[PDB]
Each structure stands twice: as structure tokens, then as C-alpha cells.
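Asks: I have a structure here, written as C-alpha cells, and I will follow up with some questions on it.
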Amino acid sequence: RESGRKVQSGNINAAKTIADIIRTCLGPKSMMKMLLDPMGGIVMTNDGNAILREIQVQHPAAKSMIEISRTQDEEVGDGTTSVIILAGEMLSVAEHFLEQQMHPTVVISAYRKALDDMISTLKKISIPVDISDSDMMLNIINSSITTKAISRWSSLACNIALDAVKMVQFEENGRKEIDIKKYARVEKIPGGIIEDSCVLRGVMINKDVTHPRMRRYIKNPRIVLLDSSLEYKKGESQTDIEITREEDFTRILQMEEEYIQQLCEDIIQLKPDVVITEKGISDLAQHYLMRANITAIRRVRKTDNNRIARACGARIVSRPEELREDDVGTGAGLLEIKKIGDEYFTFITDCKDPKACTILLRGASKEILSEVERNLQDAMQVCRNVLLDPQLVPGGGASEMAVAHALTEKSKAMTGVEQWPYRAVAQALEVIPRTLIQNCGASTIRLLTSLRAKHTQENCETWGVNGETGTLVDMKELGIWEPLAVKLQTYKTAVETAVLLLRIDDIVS
Amino acid sequence: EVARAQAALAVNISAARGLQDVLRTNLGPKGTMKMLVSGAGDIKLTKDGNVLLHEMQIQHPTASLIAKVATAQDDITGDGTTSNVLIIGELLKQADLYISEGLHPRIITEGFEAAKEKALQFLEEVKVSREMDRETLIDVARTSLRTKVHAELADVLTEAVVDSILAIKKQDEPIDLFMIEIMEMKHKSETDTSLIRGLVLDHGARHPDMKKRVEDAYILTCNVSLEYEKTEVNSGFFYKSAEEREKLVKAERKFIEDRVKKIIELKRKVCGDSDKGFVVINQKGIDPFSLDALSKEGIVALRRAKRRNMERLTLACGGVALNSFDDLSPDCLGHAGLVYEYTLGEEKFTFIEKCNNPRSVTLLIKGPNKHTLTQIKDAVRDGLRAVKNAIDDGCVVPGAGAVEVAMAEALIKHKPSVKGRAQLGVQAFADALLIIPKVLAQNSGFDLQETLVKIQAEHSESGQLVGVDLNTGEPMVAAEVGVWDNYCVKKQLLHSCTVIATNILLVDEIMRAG
Amino acid sequence: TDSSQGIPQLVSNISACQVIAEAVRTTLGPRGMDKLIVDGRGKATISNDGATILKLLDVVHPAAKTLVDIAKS
Amino acid sequence: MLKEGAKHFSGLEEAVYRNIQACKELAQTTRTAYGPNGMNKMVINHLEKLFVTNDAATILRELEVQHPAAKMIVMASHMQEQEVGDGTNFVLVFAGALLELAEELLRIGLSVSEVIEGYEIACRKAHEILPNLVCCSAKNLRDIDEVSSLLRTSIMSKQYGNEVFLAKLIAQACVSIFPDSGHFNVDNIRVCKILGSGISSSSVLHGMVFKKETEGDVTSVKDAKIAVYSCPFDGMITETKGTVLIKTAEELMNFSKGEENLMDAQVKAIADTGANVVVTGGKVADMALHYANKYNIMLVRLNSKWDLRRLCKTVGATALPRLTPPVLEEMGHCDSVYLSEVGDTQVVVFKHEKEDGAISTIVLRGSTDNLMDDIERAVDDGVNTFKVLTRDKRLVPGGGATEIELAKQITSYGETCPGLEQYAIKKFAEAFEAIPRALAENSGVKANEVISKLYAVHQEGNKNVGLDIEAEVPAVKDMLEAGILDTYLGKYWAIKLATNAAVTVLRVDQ
């Protein structure tokens, strides 16, 4: 239970102490944080991702800061640093002075217009990228893989992750938003070539579906996805009593297998040689498949068939009556059982609801595969964000100072009370030019004022400090891209978040 | 709880030296063997930079990372773990001084890059191509053996080292995974490091010395049952009906006497003579009555020579693994010109040797089988990994710190870029390079600068690769001496340094993670 | 696994050996003081000599045990 | 070191300090021992026999210490006892006194990479000329005073006065019944403890001598199939007394029926196992006793493992429990088996005589074991020193009379060589005086007095001290031309082995 400044200064004691090493942990020159595990261990993290998990809670507001780092991790997976940075970077200056001006409130609506002038600043500096050209994305998409940096597959997996969210973009809500990712999924492939780590349609099933008898391939015959009751039903659609008598025993087995029959009267008509039964899978049920010349598929689940629903594009059958093709194994279908390494890979290509496409990732080993798998992430995430938002914006102090004086100019434009948060929020922008230089080792001061001067001339339009060169430069020059996607999404979060814990003047039970 | 900035940074450079302070006493022939009765709780002895770490149970977090990076090195190398650990904290000293004079760890590491390059480039610039020859290989052998052990016992280990390296070259393997075989032997003296052109087998038999001397081997390495069992089991265990157990017990013995009489058929088919031995080797045990039936006929039936044997037997001897006796030819088995069942100490060690197409030529080490015999068991293996690299590379530079007065002094002469942004990491880098040449030189009671200035200038003057005499701490010429650094060895320890030296430099804060 | 070396243990041996003689100092001609000795067993313990109480007394000392056994010898 | 974590019992200071310190302090025994001494150690492993000892091996058997060297180093000292029985009370003090010689050089700052070398180098220089200072040899091993002379350093080293008859008794034992051709056996010739008689009465009765009682008869034939059984007779089903008078007059019989007719078939199949002697690890029942005599089977009423072990060893026996008709996997070894009265005690005597496998057995007669063990200890370390398996012992000057001989060898050779090892070698020329002091200590003078007057004898070979008045003021007992002599074997070892210990123990920092 906290109140007043004890919340507010405690809110400062929440995110900032989180965001302290994080700025060293952030930027392209990011300096990892050392951690000390409860075992006596160590974890070296540039992440705002891993720190909050391990580090124990230092303040109730931090538990709220953790989730907005989650929310940004949920939204992207990067910017988790900045959201707790930016919001916590807002908490230190404005509130207490403005509680001395007596308000959480004027700061909120200030934060809201501290939000918009950036959103006002962005549309110029955040300028449309062409999602058509891969390299026009790949410059953003190399900007995604360049900091986290697994360099070998930061090359190919991008073009893969480019194609990943591209091939998983049909996305139809009617508004053509592209959040669409899940269709794009990695594939854990033993052995094989380090290349042919690539995007294929549907979902080739690497999870639970690996069998000596699928035959070795089922191409034209269907993969049949059963939610439904492949096991017998003793009545019509239903079940009746067991055997206490000679009379009851013969009566039971008729409708039992007849249900399996009347299932596989309507199940066999659609031509599987592989029926994947996630539920209703049982010995006699799969033994029937064994006896039906249709592969008995066990140790398989909803994700599988939901991935197979995402693979051939099937709809996992919710009707015990009348199974068909477009139910399960849509199209002529391809179920391709390939051992690259010793795992049978269920390859189900030929996706219906097309543009739902996984990513076949093949290393010579899981690491060199996971090296594709991790580089894929930031790429495809930012690809998703670039395909979502077809814009890019210069990184570093460019967005920082162009909005900084803007908010400052806006603060002077207002010359009111809320100016003071604008005064506080504009500086929140500039800790990043600090952060970028607070990495490289020069004096950000000389450059801050010079980046002020970079605004004095150029309004820091495209000109930020680039963390790894530690100098104040055009990012359209350097091709360093935060998108209006990645940033505004990150900036949007913290804007709410600082308000949130500032909307807390009292913590209670 | 947290430690901010320099605090977590102080923890970095703090733990690093005691490591090296072991190494200043652990490095080279100048270094000293370290008995650890504490480390794992075991009673131990070791010289190496990598091994002393893992032997300890280490409670310090900075040192939890430390046993990691020399591991992959000692895998390749066997030396330089006794060294790389030195350069890291010696680098952590500099890097500390520069943040002590103030700096970020980033603008520190920035100067490592070109400095690391120019030195890694100097690896190329110096690299001495040494035609890889048992003589030169003896030197690369003993230098790692001298590093870890007596130059005396180095040359004792060196032979069996340089023995099986040409013998693994005989297997067309530039690395060595086989004839890496180091066989402890029960003896009053560890002084004996020998070579067996074939295996050292485990159990001649529980009925011993069947045919103890086999000078022509027909080797059947068989996981079969001449011991199936003689004891009381029903389904293979104790069932609930006691009378039903011994019913199958005879057929268990009879299925042995199936395989036994098959050998009477087999030894006949194979040999027909005790002259050229048919050799049963069982991955399981063997009944003494199987042995008795076989031994009196001039057969040696070995039991429980391990799966490594079952391979190396099937391998080194040109042998086979045939899991049914039945009837087989001598050529259905491999051949070894000597199989001798040999007792020094308790166990009789059957030596299957002169093995045709040897895939394993065993390196015999006699001794008390203590940490002592292990102390000569690791250095050889470590020295093996060194000459393994010496087989791997065709280029081996001198040892004895001869490289850095050629390497560091050049980087001491010049920033690789000749600009100050490098100097911040070049001063740190080029400095840390000279620890190994200076440490044992100063460990010998010879001041580093006066010792270095010679070996430095003696390189500057003569263009010489100029070593240190590790025991006398004097400038030597390691190009001729034979203390020689594999291009494979020296390269990774640079990386192993750099890879572990950056993030820990770049981590200024530590906190309890749970 | 305990030892005391040198004179310190040596001299320490005598008194443990001597104190029992300080009892028997003259127990042959009996006159002196005789205390009825009740051990931890509830056993009232006396003697016509030194040996029987010596039989009753035990020590962790080898020394004080020797001359005991010797006087018993 | 700089860490809260990791591990060590040694290092830094400690390696220079604790690793040298207590390893020396171990020597206090060997500092008072090895050569004639009345000084002894009461060591109580709590056996209810409070054990007098000067023997380092069974002194160090109890001693346990965290010092990894002193933890280890007892190994080389016990590895010594394996190789020679005498010279072991020499091992611990010599290096132990030779240790802190280097530590003083460590105070001078003379390196561990340096000093021990000179020792090792003079360890060579010793073992270089150490065979040159060999003088005599123990040649005829049937002969008493060629054997008892080697014995006359060795038991003497352990203990002083008793030595002489022991040496005779041990040479009169004829451990040469083992031709010593490469043959010696510690179990076949064995010590057999007999309470009472004299220790001068302590004898050697050839065969296997068991103070355990031969029960009933003796063997049917002297080449027995020897029945060595842990529990052949425990009783079958025992009798009872219920009322503190009788249980029932009726219930008495049926248990003897089970007892007898089993122990009938038992001992009848002790006769059907062909046992000429049945050797019972447990007790005997009078019925089986009666059966053992009728079936004509020598009976041993009780057997300690001391029997059963050597029985398993010599006879090829396996001591077995029997409630059942037996079978002999024991058989015999023995060509002779007896009840003899030895120690004037009725004794189970298994016997034969050969060169190899031959049992020719010491029988020790003493009022206690502390008598018959530490003396045996003193005894057997000469018997152990008799074990060379180079028949000629290459007898050096005994009583450590070669100290002064090598002392001026090493100190002159320490003068030759330059560099810090010249000190270490001259330091190696020092620790010689330890046993001469260890003697002069139990004798009561400083080795200086001794050794300086034996620096006046220069090359001598004969004169060296001990426990005696000659060892105090005169600084002289004649230990080469003596009757008191020692083999070169233990000379080859102790100087090298105590060094082998002292080699790396300063090197070990962790």
C-alpha cells in the first residue's frame, strides 16, 4: 500500500531502476546486463525481455511496467526496452514537480499531446517504405537483424522472413491489416542442408506427427483431421449400456463399428490414405484405420490439425456426420512424409485459404537452424510491422530530437502548464541520444546540444545520432530504420504506461 | 540485490587474477602441479588452465563463466588454457585502468578489434610453417607436456604421443579420435608410458590365462552368451511360482553349452590348432566351465572387454563382431600378431596387438593408477591434442612467449589503425598479450621489463622469434628450442579471450535473478 | 584420532597413575580413611586392598590403565 | 583466491606454509624412531590393546589431516613399507627435515621450480654413488648372521633391546625356506601369537600354527582335505531349561535327534567330503565332536579369521557355514597336520615344507599382543626387509652409517654445481643428520655433536650413533662393521621415495 509521492517517487523507483542498465542494454552498441541467478548463475542480457522475468519485483508499478514490456513483447518483441524506458523516463521529471503544481491530470492530457506531436512529427520523418521491393524492406529488415546480430542467417532468413510474412500476407479482415504471422512458423529439422531454410505454403507438421506408417508419402490421398470421434459410438450417434447379459453384447457392437463405419463410410469417400485423429483416436479406432488401408495417426493433437487446418487449409471436422475433402485435406492435397534427419516430417503443402504458409528452416543442426530461426524473428516481426505499416522512419536522435524540440516548440506553442510535461517528455526523447552515446563512450552533452543544433538547422529530420557510429547523422543516409510501425507502436505503449502509473497516486490492497 | 557500474565491474577484474595466480604457478614447465583435495571433494592433482577450473566446485559467479571458454580451447589445444586465462584478466587490468582513468567499455572494446585483427593478422604475419615431423612433433608434444609436466616425463609422454600420431596419420586422420587410447596400468611406477600396437584387453577370463599368449589371433569379439546365466530365474527373474524357476535354468546353461560346443566346432573350424589362436571375447561375462571347456583346448575366451573394445577389437584387429559362434572361419575374424594376457598389478591385461589394420594403437601408461598416473594421463591427452593440432596445422609458431614480442611489441609499436580510438583498446590488447612471456619470466625471479626488453628488442634487433626459458625466466630463442605454439592452439585463445572479455566488460550491473 | 605429544602428555600420564596410589598410600596396613564408594550403578564399592577399587576404576588413559593392569598383573 | 568461491586446502601461503609444516610435524615419530630407540608411541585405535609403536605405517594409519601433502605423503611412506620394512621410520623424518630446508630457502625466496630439483639432482647424486657406498651383502639366507645382521638394523630401527634374539629367531625361522629366488611369502611364514611363555620362548614352528585348540582327534592323514568352515557346527537344534530347573523331561530328546543325526550326516559328510581335518570358524557341538572323532576328522573347536584367512590363502580354503552335508572346495594344501603343543599350548598345526607354498611359521609367545605385535612389527619389518628378492641384500653400512658417507659426498657435490641448486644439494647434504639426530635424540645428544665428530671421521662408513651411551658422548657406534647392517634396497627407496613425496608437495597450490 502506497500513496502520493510514495507511489509517484516509487513509480520512479519502479521503471527507471528497470530502465537504468537497459539503455546501456539498448541501442546498436547495446551493453548487456550481468545477472546473478538464484543458483549463483549469470545471464548476460541486452534484453529488456529477460531482465524483468528474472529480476524480482522492486515496486508494484514495476509489475505494471513488466506487463507493458510484455505488451510490447506481445505486440512486437522489441521495444520492450524503450516502453519501460520511455514511460519510466517520463516518470522522473514531470510528476512530483507537477504534483507540486498539483496534478497527475494536466500531465496526462500533456502526455496525450506529448504523444500526438510525435505522431504529428512522424508522418514526415516516418515516410512510406515500399513493401513491394524486398530490399526496400530488407534495409529495414537488415536494420532488424543488425543489432541482435546472428550475422550468417541475418542474411538469408531475412529474405526468408521477408517472404515469410509476405507469403503469409493475404490477410483479409476487409481492412487489409497485416498482423499476420502465425501462418509463418519455423520448422525444427534435424540434419539436412544449412540452406533450404525457406518459406513453404501451409504447415509442414514438425510437432507431433511422425510415423513409420503414413506410408512414406501420401500425396493425392487426403490428410484427414478428426476432432470427431473416430472411436465407436454404441448407439446411433450415441452410446448405450455395457454387457451384463448374453442379450446385450451382440446389440452393442453393431452400432459401435457401424458408427466407425458410418463415419468411415463418409470418411473414406473423401480418399485419405492418412487420417490424422487428434480426438477419437484410440486402439480400435486407429486399428480400424490400420484395417481401413488408411494410416492410423496417433500422438497427434489440435495444434497439429489446426496447423494442418493451416497446412492444406482443412477444417478439422466438427461433424460426426458427412466428412468430405474440403473438411480435411483441402484441395488435391499434399501430405509429404520426409525424413530430413531421422524425424518423419509431415509436409502438408497446397494450402487452401492460401497465403497461410509456414517456413521450412533447415540447418545442418538445430543451432545453425535456430540461427535461422532467431534471425527470422526480428525480420519477420518487422516485416509483419512493415507489411502492417508500410512506412519507415530514421532512427536514433532523428525521431528523438525532431519530436524533442517539437514538444518543446509545442510547449512554447502552449507556454502553459502542460508545457512542463512537454518539457519533460521532449527530454525523454533525448535520453536515447544519450543512450546511444552513453554506449559509444563520447560525451553526449557536446552532441546533445549539437543534436539540438542538428535540430537548430535541420530539425533533426533524418539526422539522429547513430549508436554504433556515435555521431549525429542522417538515417536515410545510413538506412537505419525504425518504422512508424515499430516506434509509434513502442512509443504508443509507454505513452499510456507513464499515464497508467501516474494514474496511480495510491497503491492499496 | 544489485551492484552498480564499477561495483559489478570490480567483481569482474577481481576474480580474474586468482585464476591467473594459479596459472602464474600453473603455466609451462615453470608452473607447478596442483593437488586439489578440496575442489570436487576428490583427492586430485592437475596442471592446466582449463582442468583446474572444472575440478573445483566454484561458487563465484565471475568464475562460473570462466571454466566455460577454456573448455572448447583445451578440446582443440591442451595448452593456452594455462595461458588465455592470463591474458583475459591482464586485459581486465588494462580495461579497468582505462575506465579507472574513465571510459566506456564500448570505446574500450572498439580498439580491441583492429588490435585483435593485427595480432590475429600477425598470426598470419608470423605463422611458422613447420614440416610436421616426429622430431618437430616431439617438440610440439613435449612443449605441452613440459607445460604440464617434467620435461623428463614430457619426453616420457612424448614418445607414446609421437608414437600414435604417426599411427593415427596411418589412419589418414589429421585430428586424432583413435590411438588416443591411454591405458592405465597397475604398477609400482607411473614412469612407464608405453605403446601397444593394438588394444589392452580387460579380462582374459574369470578362469584366467586360458590361452594367455596368442601370437596369431583369430578374434571373435562377441556380445554372445557363454554366460547366459547359471543361476535361478523363471522368466528371467523371480516369479511367484518357485517350482517354475529352475525349469528354464538348465536350458540357460545349455544355451551356453550350445555356444560352447559351437566353439569346439568353431575353434576346430577356425583353428584346428592352439598355434594360431581363436579368441572369444565376450561383452558379457563367460562361464568358467565355458572357459574350462575352451581353455583346455588352447582357446582364450575373454569376457567383458567393453564396447570400446568391441569396436577397437572389431576395428584395430581387422576384427569382427559376430553374435553367433556357430561355425566361422579365421578370416571371418580379424587378426593380431600378438594377443597376450598380461598381469602387472592385480588384473591380467590381455594385449591384443600387432593388430592388422590397427584402428586403435593403445598408449600404455603403467603406474599406481592414482591422480599421479592421471596427472600423466591428462598431459599426454592434452599433448596429444597439441600434436593433434600440430598434425592439423602445417604451421606452428614458437612457444615460450616468443610470439608476443613479435606480436604485442608490433602492436606496442603501432596502433594497428594508428589512431587513438584503437589505442583505447590497443593499449589494453597489446599489453595483455605480454603476460605469458613476462609472467614465468618474472616467476623465475627475473623482472619482466628487463626480461621483456631483451626478448622484445631481441625480436626487434634480429627479427627473431625469441623465446623465454620458462624455468630460468631468460630470453631464449623458441624457434629452435621446440617450445612451439600451434597455429590452431594460439588462434582460439585469442578469440576465447576476446569472446569472453567483451560482454563481461560490457556488463556494468549484476542483480540477483531469483 | 587424538594425541598429545612431548612432555605435556608424558607428565600428564603420571598423576592419573599416581592419584590411585595416593589412595593405596597405605591400604595394606589399612589405617587411613575409607570412603564407601557408590558408583553410577548404585553399587557401594570398597576393598581390603587397592586392587578391587582399582578393578572398579577405569580410565581412557593407557598410562593410568597400564599400572592398573600391572598392579593387577 | 580473489573469489568468495572455488576451493582449496592448499596454496599461496599454505603451500609454502601448511603443506611443509605438518608434513614435517608428522616426523615426530620418525624423529624419535628408526634406529635404536626406547621412545615409543602409545597409539590407541581402540582395540582394548593399547598399542606401543614406533612404526610409521601403523602410526600414520590412524593419522588423518587436511594437508593434501600430509594427506597424500603417507602414501609414499606406506608405499615404502610395501617395498622395505625397515627404512620406513627413516622415510618420514628425513624428507620432513629436508622439507623446511627448502622453506627456509623460500623465506630466502628460492623457488619451488628451483629448490626441490637440487634435492632431486642430489637424489640422483645419492643414488648415483649410493650403490658405491654399499659394502657388504646378505648372501647365504639359511645362515643366521647374514640374515640376522640385516635384521639387526631393521628390528633395531623399530626397537632396540629385543632385536638380537628376534634377528636370530627370524634367521632361525629360515625365511630362506622360501629360497628367496624371487620367492617370499608373508602368510606361509606367519606370526602366531601365544599368550605367555617367553618372547625368548617365542619360536618358529614350521607349518601353519593355530593357537586355536585342536579338538578331539588329529588328522586321519597328513595330506588332509582340510575342512575350513565358518560355521560347520553351530549346533543344530539346542537343548533348553524352562522352569529354572528343567523344562520337560519329555521334550529333551527330539532336539538331540535333530542335532545328532544331522551332525551325523553333517560330519559323516564331513567324512564324505573327505575332510581329514575339519576347521571350525565357529564353535563345535559335542555331538559333532563325537562325530568328528568317529568319522576320523581332526576338529578345530574355534577359528579366528587369522586361521580362516590363511586357510583360504594357503589351503585354497573357503570358510563355510554348514548345517548341511558339506563338500570340500577347500581340499588341502597341507602335507602335514597336527595337534602340537607350541607355546606349550595345544595348537592346531597344519604343516608341509617346500620351497614354494611352504608354510614355516613363526610362533610368538608373549603375555599380550602389544608384546607380540609391536615386537612382531619390529620383527616383521626385518622380515619385510629380508624380502628383497635380490638374494644379496647389498648391505650398506647399517644403523645409517652411510649418512656421514653420503653427507660429505653431497656437500662436496653441492660445492661443485653452481646456482641455487648447489644450496638445495647442500641442503640435501643436510637432512642426513635426522636419524643420527633421531638416534642422538632418543640417545640424548644433538646430531651436531654427533655429526661434527662424524664430520671429523670424514670418510668412515662404520661409526654412526643409535640408542646407547656410545651414541651420546662418543658420537660413535660402529654400524658398518657391526652385526648391524642394512640393505641397499631401502637405501634406493627412502632417499628417492621421501623425495618423490617432497617433489610436488610444494608445487601443489590448490
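Chains as they are written, first to last, in the deposited numbering: chain C, 16 to 524; chain F, 12 to 525; chain G, 13 to 85; chain H, 14 to 523. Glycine included, every Cβ here is placed at the ideal spot set by N, Cα and C.
(1) What is the rounded straight-line gap between the Cα of C:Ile-57 and the Cα of F:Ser-75?
(2) Quick one: complete beta strand (DSSP E) runs, 3+ long, within the segment 217-263 of chain F?
(3) Give me the subset of the segment 57-69 of chain H whose CB atoms are less than 8 angstroms from a CB atom of chain G, sorted by chain position.
(4) The ligand HEM and H:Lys-400: does the residue's C-beta get closer than 7 angstroms to at least one heavy atom of that ligand?
(5) Does the segment 21-39 of chain F come within contact of the segment 442-454 of chain F, defined as at least 3 CB pairs closer than 8 angstroms?
(6) I need the DSSP call for H:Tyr-436, collapsed to helix, strand or coil.
(7) Leaving out five residues before and five after H:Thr-253 in sequence, what residues of the same chain have Cβ atoms less than 7 angstroms from its Cβ?
(8) Under a three-way DSSP split, which group does H:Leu-63 fall into?
(9) So with CB distances below 8 angstroms, who are the chain C contacts of F:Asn-514?
(10) Can you give the Cα-Cα distance for C:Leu-403 and C:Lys-294, rounded to whole angstroms?
(11) Considering only their Cβ atoms, is the gap separating C:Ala-29 from C:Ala-65 smaller than 8 angstroms?
(12) Give the interface partners of G:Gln-17 over in chain H, defined as CB-CB distance under 7 angstroms, in chain order.
(13) Just the chain H side, please: which residues come within less than 8 angstroms of F:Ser-25 by C-beta, in chain order?
(14) Report the neighbours of F:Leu-47 on chain H: residues whose CB is nearer than 9 angstroms to its CB, in chain order.
(15) Any Cβ of chain G within less than 8 angstroms of the Cβ of H:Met-55?
(16) So, are the CB atoms of H:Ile-202 and H:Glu-366 less than 8 angstroms apart?
(17) Of all the beta strand (DSSP E) runs that stay within the bounds of the segment 165-218 of chain F, which reach a length of 3 or more residues?
(18) Do the segment 200-216 of chain F and the segment 353-363 of chain F meet, that is, are 3 or more Cβ pairs less than 8 angstroms apart?
(19) Just the C-alpha distance for H:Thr-374 and H:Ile-239, rounded to the nearest angstrom, thanks.
(20) Just checking: is the beta-carbon of F:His-65 within a distance shorter than 8 angstroms of some beta-carbon in chain C?
(21) What span of residues does the alpha helix (DSSP H) with C:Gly-103 cover, start to end?
(22) Using a Cβ-Cβ cutoff of less than 6 angstroms, which residues in the same chain neighbour F:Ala-316 once the five nearest sequence positions on both sides are dropped?
(23) How about H:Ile-72 and H:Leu-63: do their beta carbons lie closer than 8 angstroms?
(24) I'd like to confirm the pairing. Which residues does DSSP put opposite F:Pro-72 in its beta bridges?
(25) Could you check whether the Cβ of F:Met-522 sits closer than 8 angstroms to any Cβ belonging to chain D?
(26) Please report the straight-line C-alpha distance between F:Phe-123 and F:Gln-84, rounded to a whole angstrom.
(27) Could you spell out the range, first to last residue, of the alpha helix (DSSP H) harbouring G:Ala-75?
(28) Going along the chain, which residues of its own chain have a beta-carbon closer than 6 angstroms to the beta-carbon of C:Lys-367, five neighbours each way excluded?
(29) Quick check: what's the CA-CA separation for F:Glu-255 versus F:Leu-333?
(30) What is the DSSP secondary structure of F:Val-62, counted as helix, strand or coil?
(31) By alpha-carbon positions, which one of H:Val-106, H:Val-97, H:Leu-112 ends up nearest to H:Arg-520?
(32) Could you name each continuous beta strand (DSSP E) segment of 3 residues or more that falls completely within the segment 188-234 of chain H, going from the start of the chain to the end?
(33) For H:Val-516, I'd like the list of residues in its chain whose CB is within less than 7 angstroms of its CB, leaving aside the five on either flank, ordered along the chain.
(34) State the DSSP-derived secondary structure class of C:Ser-166, mapped to helix, strand or coil.
(35) Give the single residue among C:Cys-279, C:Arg-334, C:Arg-316 whose Cα lies nearest to the Cα of C:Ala-307.
(36) How should C:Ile-460 be labelled, buried or exposed, when 16 other C-beta atoms within 10 angstroms of its C-beta is the threshold for buried?
Replies: In terms of the structure at hand:
(1) Looking up residue 57 of chain C in the first sequence gives position 42. Looking up residue 75 of chain F in the second sequence gives position 64. Here the alpha carbons of F:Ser-75 and C:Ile-57 stand approximately 8 angstroms from one another.
(2) Secondary structure remark: continuous beta strand (DSSP E) runs of at least 3 residues inside the segment 217-263 of chain F, in chain order: 228-233.
(3) Under the 8 angstroms Cβ criterion, the segment 57-69 of chain H contributes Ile-57, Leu-63.
(4) Although the ligand HEM was asked about, the structure shown includes no ligands whatsoever.
(5) Remark: three or more beta-carbon pairs, one from each stretch, lie closer than 8 angstroms, so the segment 21-39 of chain F and the segment 442-454 of chain F are flagged as touching.
(6) Position 423 of the fourth sequence, counted from the start, is the residue given in the question as residue 436 of chain H. In the structure shown, H:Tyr-436 sits in a helix (DSSP, three-state: H, G or I).
(7) Looking up residue 253 of chain H in the fourth sequence gives position 240. Excluding sequence neighbours, H:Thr-253 sits near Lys-260.
(8) Position 50 of the fourth sequence, counting from 1, holds the residue named residue 63 of chain H. In this structure, H:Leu-63 counts as coil in the three-state DSSP scheme.
(9) One-based indexing of the second sequence puts residue 514 of chain F at position 503. Those are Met-47, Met-59, listed as they occur along chain C.
(10) The residue given as residue 403 of chain C occupies position 388 in the first sequence. The residue given as residue 294 of chain C occupies position 279 in the first sequence. The straight-line gap from Cα to Cα measures roughly 36 angstroms.
(11) Residue mapping note: residue 65 of chain C aligns to position 50 of the first sequence, counting from 1. Residue mapping note: residue 29 of chain C aligns to position 14 of the first sequence, counting from 1. No, the pair does not count as a contact, with Cβ atoms beyond the cut-off.
(12) Residue numbering aside, residue 17 of chain G sits at position 5 when the third sequence is read from its first letter. Simply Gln-41.
(13) As a position in the second sequence, residue 25 of chain F is number 14, starting the count at 1. Chain order gives the chain H residues near F:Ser-25 as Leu-15, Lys-16, where near means a beta carbon separation below 8 angstroms.
(14) Stepping through the second sequence from its first residue, residue 47 of chain F is reached at position 36. What F:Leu-47 touches in chain H: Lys-20, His-21, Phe-22, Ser-23, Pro-81, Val-521, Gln-523.
(15) Walking along the fourth sequence from the start, residue 55 of chain H turns up at place 42. At least one chain G Cβ lies under 8 angstroms of H:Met-55.
(16) Counting from one through the fourth sequence, the residue named residue 202 of chain H turns up at place 189. Counting from one through the fourth sequence, the residue named residue 366 of chain H turns up at place 353. No.
(17) Qualifying beta strand (DSSP E) stretches, in chain order: 193-197, 204-207.
(18) Enough Cβ pairs lie closer than 8 angstroms, so yes.
(19) Along the fourth sequence, one-based indexing puts residue 374 of chain H at 361. Along the fourth sequence, one-based indexing puts residue 239 of chain H at 226. Approximately 18 angstroms between the Cα atoms of the pair.
(20) If you number the second sequence from 1, residue 65 of chain F lands on position 54. The beta carbon of F:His-65 does not come within 8 angstroms of any beta carbon belonging to chain C, so the residue lies off that interface.
(21) If you number the first sequence from 1, residue 103 of chain C lands on position 88. For C:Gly-103, the uninterrupted alpha helix (DSSP H) run begins and ends at 95-106, by DSSP.
(22) Residue numbering aside, residue 316 of chain F sits at position 305 when the second sequence is read from its first letter. Correct list, in chain order: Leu-212, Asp-213, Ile-292.
(23) Your numbering for residue 72 of chain H matches position 59 in the fourth sequence. Your numbering for residue 63 of chain H matches position 50 in the fourth sequence. The Cβ atoms of H:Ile-72 and H:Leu-63 do not sit closer than 8 angstroms to each other.
(24) The residue you call residue 72 of chain F lines up with position 61 of the second sequence. Note: F:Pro-72 sits in no beta bridge, so no partner.
(25) No chain D appears in the structure shown, which is made up of the protein chains C, F, G and H.
(26) As a first step, residue 123 of chain F is located in the second sequence; it is residue number 112 there, counting from the start. As a first step, residue 84 of chain F is located in the second sequence; it is residue number 73 there, counting from the start. The alpha-carbon atoms of F:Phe-123 and F:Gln-84 are separated by roughly 20 angstroms.
(27) Counting from one through the third sequence, the residue named residue 75 of chain G turns up at place 63. Residues 74-84.
(28) The sequence position of residue 367 of chain C within the first sequence is 352, counting from 1. The beta carbon of C:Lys-367 sits closer than 6 angstroms to the beta carbons of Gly-328, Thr-345, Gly-346 from its chain, once the five residues preceding and following it are set aside; these are given in chain order.
(29) Counting from 1 along the second sequence, the entry for residue 255 of chain F is found at position 244. Counting from 1 along the second sequence, the entry for residue 333 of chain F is found at position 322. Taking the CA atoms as reference points, F:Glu-255 sits about 33 angstroms from F:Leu-333.
(30) For the purposes of this step, residue 62 of chain F is taken as the residue at position 51 of the second sequence. In the structure shown, F:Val-62 adopts helical secondary structure according to DSSP, grouped into three states.
(31) The sequence position of residue 520 of chain H within the fourth sequence is 507, counting from 1. Answer by Cα proximity: H:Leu-112.
(32) Runs found: 206-208, 216-219, 221-223.
(33) Within the fourth sequence, the letter at position 503 stands for residue 516 of chain H. Cβ within range, chain order: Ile-129, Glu-133.
(34) Numbered from its first residue, the first sequence carries residue 166 of chain C at position 151. Assignment of C:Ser-166 by DSSP, reduced to helix, strand and coil, places it in the coil class.
(35) For the purposes of this step, residue 307 of chain C is taken as residue 292 along the first sequence, with counting starting at 1. Nearest of C:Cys-279, C:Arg-334, C:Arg-316 to C:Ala-307, Cα basis: C:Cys-279.
(36) In the first sequence, the residue the question calls residue 460 of chain C occupies position 445. Looking at its Cβ environment, which holds fewer than 16 other Cβ atoms inside 10 Å, C:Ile-460 is exposed.
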